[PDB]
Amino acid sequence: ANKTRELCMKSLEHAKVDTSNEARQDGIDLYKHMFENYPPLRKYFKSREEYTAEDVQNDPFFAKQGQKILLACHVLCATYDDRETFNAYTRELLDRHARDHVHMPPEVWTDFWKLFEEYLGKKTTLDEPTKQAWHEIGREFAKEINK
Ligand code: HEM
């Protein structure tokens, strides 16, 4: 519950979502990690599909997009202790991809939390309790997305 929320919130002090250049770069590096290490997910990215980490670094789109997804991870663990808000927000995340026809097999949402934890691991050293807490948010998000 609230200890999971607390351990997740603090590993997130290392990924900024403010206005600085730091945050713009943390949003970009996340997409660098998925494009260079999960190449199948690049195809859901409309005419950026054969992008490399390189191409991802200089396109202004990933600076904005990176901020959209880093804010959604920060919102899912600050709402974890109120499951009604947490579940409602996960449904809206689904609805917002469906809005724009980004339809994804339910096992890509599970792959995401393996990708996020690897990305944060480059940003800070996660200890086993914190890794444990991200697994639990990941697991619950995945069941909810699965309806
Ligand atoms: C599970 C964690 C994820 C979160 C928290 C997340 C969050 C978001 C958010 C907030 C948006 C923006 C919607 C808007 O404009 O209002 C979005 C768009 C998008 N997401 Fe995700 N996303 C996730 C995973 C994925 C995955 C695994 C893929 C597939 C590679 C994906 C592909 C996209 C694409 C292509 C868009 C549309 C970009 C555009 O506007 O052109 N997302 N996502």
Side-chain angles (χ1 to χ4, degrees), residues 1-46 48-49 51-97 100 102 104-146:
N2 179 55
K3 208 178 62 160
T4 307
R5 181 190 185 254
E6 198 183 289
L7 297 184
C8 291
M9 290 303 264
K10 88 127 176 186
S11 58
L12 286 179
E13 296 179 339
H14 298 288
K16 281 185 156 199
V17 90
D18 58 4
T19 263
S20 66
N21 266 103
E22 261 203 83
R24 179 209 264 181
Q25 196 54 49
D26 287 343
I28 298 170
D29 296 326
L30 180 67
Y31 279 88
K32 265 187 179 166
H33 188 256
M34 60 166 269
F35 271 56
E36 218 77 326
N37 284 161
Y38 291 72
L41 285 72
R42 313 175 325 177
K43 74 180 181 284
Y44 296 96
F45 288 92
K46 226 241 228 58
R48 290 171 177 92
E49 328 147 308
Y51 274 19
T52 66
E54 255 230 47
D55 295 39
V56 181
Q57 176 66 78
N58 238 107
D59 191 334
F61 166 84
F62 286 113
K64 189 109 202 308
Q65 182 47 35
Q67 284 296 297
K68 288 182 186 171
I69 184 168
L70 268 188
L71 180 50
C73 292
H74 290 57
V75 175
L76 285 154
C77 74
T79 59
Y80 190 62
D81 61 336
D82 177 36
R83 276 301 297 258
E84 209 182 304
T85 299
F86 177 86
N87 301 337
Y89 192 68
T90 301
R91 294 185 283 87
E92 192 177 72
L93 249 19
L94 218 194
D95 287 350
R96 294 170 73 185
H97 287 86
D100 298 82
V102 181
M104 289 173 293
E107 286 114 38
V108 322
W109 302 101
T110 274
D111 298 1
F112 180 79
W113 298 100
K114 172 183 161 168
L115 181 156
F116 194 52
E117 172 197 321
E118 289 167 357
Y119 163 73
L120 271 185
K122 289 210 65 185
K123 292 315 178 200
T124 188
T125 323
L126 301 168
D127 52 23
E128 201 62 13
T130 307
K131 280 179 174 163
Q132 256 280 98
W134 268 115
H135 303 327
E136 181 186 333
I137 285 159
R139 179 186 319 119
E140 296 302 322
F141 170 85
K143 302 168 192 158
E144 291 301 313
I145 265 308
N146 197 72

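Note that these values count all heavy atoms, side chains included, but never hydrogens, waters or copies made by symmetry. Start at 1 with the first residue, then count along the sequence.
- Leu70 is not listed as a side-chain neighbour of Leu12, based on a closest heavy-atom distance of 4.5 Å or more.
- Between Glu6 and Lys10 the shortest side-chain heavy-atom distance does not fall below 4.5 Å.
- Closest heavy-atom contact between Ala72 and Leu93: CB-CD1, 4.0 Å.
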Applying side-chain contact (heavy atoms from CB on, under 4.5 Å), run through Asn21 and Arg24 and close with a yes or a no.
CA-CA 5 Å; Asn21 266 103; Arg24 179 209 264 181; 2.8 Å; yes
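- Under 3.5 Å, the side chains of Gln25 and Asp29 contain a donor-acceptor pair of N or O atoms.
- The line from SG of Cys8 to NE2 of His135 is 10.0 Å long, rounded to the nearest 0.5 Å.
- The aromatic rings of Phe62 and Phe45 are tilted relative to each other, their planes meeting at an angle between 30° and 60°.
- Taken from CG in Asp26 to OH in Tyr31, the straight-line distance is 13.5 Å, to the nearest 0.5 Å.
- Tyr38 has its side chain within reach of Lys114: a pair of non-hydrogen atoms, C-beta onward, lies under 4.5 Å apart.
- Residues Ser20 and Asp18 come closest through the heavy atom pair OG-OD1, 2.8 Å.
- Between the CG atom of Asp100 and the NZ atom of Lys46 there is a distance of 8.5 Å, given to the nearest 0.5 Å.
- Across all non-hydrogen atoms, the minimal contact from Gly121 to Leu126 is N-CD1, 4.2 Å.
- Between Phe112 and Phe116, the ring planes lie parallel to each other; the angle is under 30°, not in the 30° to 60° tilted range.
- Contacts of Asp59 classified as salt bridge (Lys or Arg N to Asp or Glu O under 4.0 Å), with partners at least two apart in sequence or in another chain: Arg48.
- Ion pairing between a basic and an acidic side chain is recognised when a charged N comes within 4.0 Å of a carboxylate O; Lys3 and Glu136 show no such pairing.
- In this structure, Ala142 and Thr110 approach most closely via the heavy-atom pair CB-OG1, 4.0 Å.
- Looking at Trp134 and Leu120, their side chains come closer than 4.5 Å, going by heavy atoms from C-beta outward.
- For the pairing with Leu76, the side-chain contact (heavy atoms from CB on, under 4.5 Å) check across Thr85, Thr90, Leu71 returns one residue only, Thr90.
- Considering only heavy atoms from C-beta on, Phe86 comes within 4.5 Å of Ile137 through its side chain.
- Under the 4.5 Å side-chain criterion, counting only non-hydrogen atoms from C-beta, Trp109 is in contact with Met104.
- The backbone N or O of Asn87 sits nowhere less than 3.5 Å from a side-chain atom of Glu144 that would complete a donor-acceptor pair.
- No more than 12 heavy-atom neighbours from other residues, nucleotides or ligands sit within 6.0 angstrom of CD on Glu54.
- To the nearest 0.5 Å, atoms CD (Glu107) and CD1 (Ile145) are separated by 13.0 Å.
- Distance check, rounded to the nearest 0.5 Å: NZ of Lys122 to NZ of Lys32 gives 8.5 Å.
- Under the rule for a side chain to side chain donor-acceptor pair (under 3.5 Å), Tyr119 has no partner lying at least two apart in sequence or in another chain.
- A distance-only check finds a donor-acceptor pair linking the side chain of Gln67 to the backbone of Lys16 [under 3.5 Å].
- Within the model, atoms OG1 of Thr52 and CD of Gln57 stand 10.5 Å from one another, a figure rounded to the nearest 0.5 Å.
- In this structure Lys143 satisfies the salt bridge (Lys or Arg N to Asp or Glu O under 4.0 Å) test together with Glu140, sequence neighbours excluded.
- Looking at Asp127 and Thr130, their side chains do bring a donor and an acceptor atom within 3.5 Å of each other.
- Looking at heavy atoms from C-beta onward, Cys77 lies out of side-chain contact with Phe141 at the 4.5 angstrom threshold.
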